[PDB]
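Here we start with a single chain on its own, the form deposited in one PDB entry, put down as structure tokens.
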């Protein structure tokens, strides 16, 4: 039923290995070049993030997310107009990206990008170009034409080892689920800043960064139970990741047909399900035999977020991803009707 859908969504070991071998070649080579010279990004380290590395990538192994993180000691953060998620950075190889002590995201991203393009240019091993910059994106995106099309977001990131910013104090409400020790430990890991890089025309546009908890989200996905043995070989298997996939698929399929859904992304579904997992902590509430009622209750939750125009960042409570400012009421009522319809007619869109 939904079992058969997940079978379709299941990646193939063969495709995984073909995609993985090529992607690793390129990434490895880019990462070397960032140190290989007296470059401003020497010391940058690699951290694989996103769905593929969380084992929730569906349909094909054709999008990979990688974080090129750089430790910046001695950092002063200033929150950008109470938004919660956006900051200026202040205070050395970075010398050339400063705006009198302020660190320009776009200056740094540009140099990062220029290097990447140069390195890609000198790869006649594999078929690979760099995608035209999209505004409001921190990524340098590689398009690889293995006989199959594969995208890789290379994401520049600052790494701070200090305590997380105050706006996250009330975030990550895992106490009743994964517990206090997991939370304290996670919050001792560093936090990450990535360029916002929009070209809206607003003040500080080019010097604004945004927080990233991709590393933490990865730990959670791969350690998702109240019982330590959830999904392990001497444990009981849950259906938490399976729900995540199914919901990801509903949004993808809808997004490929209807352009009224451009404002929506998978991060919305991931955020929503983090909330659901907090709300329903017990592994027994995600029993595989209850895949249907579980997926259904996730859908119901998501619709309520759309209806009430409210879906809080899981790490930054005050930052509403479903604000009027970010997504139109119309866009939200439109997605509400499409989800409601699919739900009440057997999920036609799963058969396409």
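The term rigid core refers to the maximal set of C-alpha atoms that superpose within 1.5 Å between the two forms. Residue numbers count along the first chain shown, from 1.
Below, we turn to the form deposited in another entry, even though it does not appear here.
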| item | value |
| --- | --- |
| Single mover in 200, 227, 71, 170, with Cα shift of 2 Å or more between the shown form and the other one when the core is superposed | 200 |
| Inter-Cα distance between residue 200 and residue 79 in that other deposited form, nearer or further [3 Å or more] | closer |
| Closer or farther: C-alpha pair residue 331/residue 203 in that other deposited form, relative to this form, given a change of 3 Å or more | closer |
